[PDB]
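Below, in C-alpha cells: the form deposited in one PDB entry, a single chain.
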C-alpha cells in the first residue's frame, strides 16, 4: 500500500493541528443518528446502518425516526428527549430486528445526536459491594504513591485489562507514568516521560470535556457519516461529546506498536485542569458494558477528589517546615557575625532544604563558599555579576541556558538558580542550584514509547523543576530577614 503509506506520512507531519473533533466517521461498534429536536428528522446517518437493520443509508436521510426503529421506540425517544437537558437519562434499551441496542443522547449545535451502541450477548450485586471495597481502600491510603498503586490495582482487578497506567501532566505539559499495574510477561512502563506533543491540544481539551474514552478495537475501519456535512448548518458534525468517535490513525498505529488493541482512558480533572489520565490497555479486542463504564467513571471522579485533597494537604505540610526553617534561620542571622550572610554558611543543609536544591553558594566580597553539588567557583563568580545586573531582589529561573548563554557548561550540575542580594555595594548574596530533571529519570521506530522518551530527553534539556511559590517566598522572606539584621548593623 504505497499510496496509503505516503498519505499516512502527510498526517504525521501535521498532527498538532489535525481536527479530531470532526472526524467525519464513527467507530463500528454502534450507530449514530442526527435528529432535529422538534420533528426527529434524520439529517446524518452512519454507513453501518446497512449492515445492521439492513437499511440503505443513501435514501434514509431526510425521513423520521420511526421509519428506522419503529413507532414505539420513536415515541420513547420523543418522551425522553422532551426538554430534559439530557444530563440525567436512565439506561435505555432497544431491540430492532433482533439486535440489542443501548441508547445514549446529547445535543450538539441545536441537533440531537443519538448513539445506538451495540450490546453483544457474548459479552453479557457484586459491583455494588465492590464499590464500597474500593472506596474504603482509597480512603485508607496515606501517601500519594500508595494511593496510585492501590488505584491501579483496584482498577485492574475490576476491568481485567492487561495493563493499567496512570499519567501525570507536569507544568510544561509533559507526561509521566507514575503508576503501573500490568499483567505478567509484558513491558514495564513506570518512570517513562513522553512529550506534550504526543497529546495534542485538541485531545487534551476533549479529555478535559469527556470523562471516558473507549477504543474497543484498534484495527477498525472508520464508518463514514452520510451525508458528511450537516444539512442545517452546512458544516461537519461536532463529535466532541460522542463515545462513538473515530480515532486518529496516528494513535491507532501508536497503540498497535505498543501491543494494545483495546483502550479505555479515564480523565482525571482537578480544578478544571487535566491532572492526568488512567489508561487501560488490552492485547485482544475488548468491549466494556455500561455496568463497567459507570464504575470506571466513578473511579476518576473519586480519585480526582482524593488526589486534589491530598495534594493540598502536602502543599501545606511542606511549607509549614518552610516557615519553621525561615524562623529557625532568622535566629542565626544575628549570632556573632560581622556579615549577615556569614551566618548561613554554618548550616548549608538547612539552607538547601528551605527551598529545595542540591547546591548552595554563599558569596561575600572576594570569597565564595561552595556547598553541595554546585558549579565551579569561577563559574559561580561569573554568574553572580550578570545575575544581579537587573537589580531584582530574588531572581528565579528553571532554564538558565535560555537567558544565560554561558550557562550550558553546567547543565547537569546547575540549571535552575535562585537569587538573593542586598542593596549594599559590597559583593554579597546566596545562590541555590537546582539540577536537570533528566538526571533523575531512568527508564529502560517512529511511534513508540521508547521514541517519545528520546523526544522528551531533547525537549527538556537544561530545564529544572519550576521554582514553587513557596520556594520563591522562602527566598523573598529570607531576603527581608537578612535585610533586617544587616540594616540594624547600620545603627552601630
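Numbering follows the first chain given and starts at 1. By rigid core we mean the largest C-alpha set that fits within 1.5 Å across both forms.
Separately, the form deposited in another entry exists; it is not shown, and the next lines address it.
Peer 1: Tell which of 248, 270, 236, 325, after superposing on the rigid core, has its C-alpha displaced by 2 Å or more between this form and the one not shown, please.
Peer 2: If I go through the list carefully, the shifting residue is 325.
Peer 1: Taking the rigid core as the reference frame, tell me whether residue 303 has a CA displacement of 2 angstroms or more between this form and the one not shown.
Peer 2: No; that C-alpha moves by less than 2 Å between this form and the one not shown.
Peer 1: Rigid core fitted, is the C-alpha displacement of residue 280 between this form and the one not shown 2 Å or more?
Peer 2: No; that C-alpha moves by less than 2 Å between this form and the one not shown.
Peer 1: Superposing on the rigid core, I want to see if residue 259 changes position between this form and the one not shown - specifically a Cα shift of 2 Å or more.
Peer 2: Where the cores coincide, residue 259 shows only a C-alpha shift between this form and the one not shown that is less than 2 Å.
Peer 1: Answer with closer or farther for the CA-CA spacing of residue 17 and residue 454 in the other form compared to the shown form; it moves by 3 Å or more.
Peer 2: Farther apart in the other form, by 3 Å or more.
Peer 1: Relative to the form shown here, do the C-alpha atoms of residue 257 and residue 454 sit closer together or farther apart in the other form, given a change of 3 Å or more?
Peer 2: Those two alpha carbons end up closer in the other form.
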